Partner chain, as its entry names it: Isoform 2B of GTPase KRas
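What follows is one chain in structure tokens, specifically the form deposited without the partner chain.
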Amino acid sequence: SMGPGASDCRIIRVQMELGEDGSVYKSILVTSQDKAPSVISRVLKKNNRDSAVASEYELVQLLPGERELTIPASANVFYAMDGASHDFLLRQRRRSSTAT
């Protein structure tokens, strides 16, 4: 398409397991090459955290049929996300270390 608003970035909503504090849903910017671990770092610091290694968490996209599409590390969220919902979440991942 054509139009003056040719910008290539967008903003998504991201929750966390906070519970009491309510659904975070913070406005997180998404660039053309924003990979999962880059976006996670922004979400973590938006949660008033001492924001930690993104490798300890995983990026998740919410889908309208009550499903979850988990975005892997080497995928640009901007293209990895299905694009059916601008809503996402972040959760601590339990998976091991740097064994070669």
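Residue numbers count along the first chain shown, from 1.
Not pictured, yet referred to below: the form solved in complex with the partner chain.
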Just to confirm, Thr31 within 4.5 Å of the partner chain in the bound PDB entry by heavy atoms? yes
Wondering, does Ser23 line up within 4.5 Å of the partner chain in the bound PDB entry on heavy atoms? yes
When the contact criterion is heavy atoms within 4.5 Å, does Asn48 count as touching the partner chain in the bound PDB entry? yes
Quick one: does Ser74 come within 4.5 Å of the partner chain in the bound PDB entry, counting heavy atoms only? no
